[PDB]
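In the working numbering, the protein residues as written are 10 to 78.
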């Protein structure tokens, strides 16, 4: 089980989000994504399987606890 030290701020969706435009990404409670940048307005930048999109942080959750979870 190789892991190392380097990682990435993972975020677990909280509620299913349907991207109206082909630009935004559809979220889903449980989906594991990464936050590239933080928007001051609300539009957060996250990537999933190489694909990039834009979704509101409100529909995100920072997973804390690399152990016992």
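We put the beta carbon where it would ideally sit given N, CA and C, even for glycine.
- If the five residues before and after residue 15 are omitted, its C-beta is found closer than 6 angstroms to no C-beta atom of its own chain.
- When beta bridges are read from the DSSP output, residue 54 appears opposite 46 and 63.
- Beta-carbon to beta-carbon, residue 37 and residue 22 are separated by about 5 angstroms, close enough to satisfy the 8 angstroms threshold.
- If you look at residue 19, you'll find it in the beta strand (DSSP E) that goes 19-21.
- Within the same chain, 35, 36, 37 and 38 come within 8 angstroms of residue 25 by CB-CB distance, once the 5 residues on both sides are set aside.
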